[PDB]
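First comes the structure, then the notes that go with it.
A quick note on method: Cβ atoms are made from the backbone with ideal geometry, for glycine too, and the neighbour counts reach across all protein chains shown. Every read-out reported here was derived from the displayed coordinates using simple, explicitly stated rules and does not represent laboratory data.
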Amino acid sequence: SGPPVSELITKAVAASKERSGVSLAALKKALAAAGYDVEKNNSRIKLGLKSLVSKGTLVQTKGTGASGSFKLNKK
DNA sequence: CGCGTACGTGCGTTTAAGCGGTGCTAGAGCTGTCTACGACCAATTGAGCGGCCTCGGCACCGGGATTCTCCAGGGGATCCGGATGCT
């Protein structure tokens, strides 16, 4: 089975936690370093990030849609 | 917009370009010869082009396969949710 991508993205945004949000390229490279097939899952990571920001668990800093930088919620 | 990177620039260092000087020569160039060669021209011809006439290679027409495209099925790959196993 294996944990879905959303928990991996939460660990990715919690890995560094610099002042600005974590970027799309940084989270892709974080998935590559932790171990993930980022090549065939671009639509997957796009829909996953949109789904998680729609819940409000993570908020958008600067960009629009899948672009920009991504940082976690208030609490 | 963001990330990775690839020059920009600013320091020092080595060097070889740059400058000044000198000798030698080999080729540039000028002059004289003269011989090979091209221009010109009378005469005349055979190749080169207009005219013409036929015909088969080809442009148009039509019928059938094949490959490209697109769409539908649908399959399945793996995922997002989740059902849930079981822990």
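With respect to the numbered conditions (1) surrounded by 12 or more Cβ atoms within 10 Å (Cβ to Cβ); (2) more than 11 Å from the chain's Cα centre (by Cα), which one is the sole condition not fulfilled by residue A:2?
(1)
Find all pairs meeting these conditions: Cβ atoms under 9 angstrom apart; at least six residues apart or on different chains; first residue within segment A:53-65 and more than 12 Å from residue A:24 (Cβ to Cβ); second residue among the aliphatic types (A, V, I, L, M) and within 10 Å of DNA strand B (Cβ to nearest atom).
Note: pairs meeting the criteria are A:58/A:9; A:58/A:49; A:58/A:52.
Could you say which residue among A:29, A:40, A:62, A:11 is in a helix (DSSP H, G or I), near DNA strand B (Cβ under 10 Å from one of its atoms) and among the basic types (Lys, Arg)?
One residue alone meets the criteria, A:29.
What is the residue count in segment A:65-74 for residues that are within 8 Å of DNA strand B (Cβ to nearest atom) and surrounded by 14 or more Cβ atoms within 10 Å (Cβ to Cβ)?
2
With the requirement that a residue be in contact (Cβ under 8 Å) with a residue 24 or more places away in the chain, surrounded by 14 or more Cβ atoms within 10 Å (Cβ to Cβ) and either polar (S, T, N, Q) or farther than 13 Å from residue A:6 by Cα (or both), what does segment A:27-52 give you?
Once the filter is applied, which keeps residues that are in contact (Cβ under 8 Å) with a residue 24 or more places away in the chain, surrounded by 14 or more Cβ atoms within 10 Å (Cβ to Cβ) and either polar (S, T, N, Q) or farther than 13 Å from residue A:6 by Cα (or both), segment A:27-52 yields only A:41.
Within segment A:14-26, which residues are in a helix (DSSP H, G or I) and closer than 12 Å to residue A:49 by Cα?
Within segment A:14-26, A:24 is the sole residue that qualifies.
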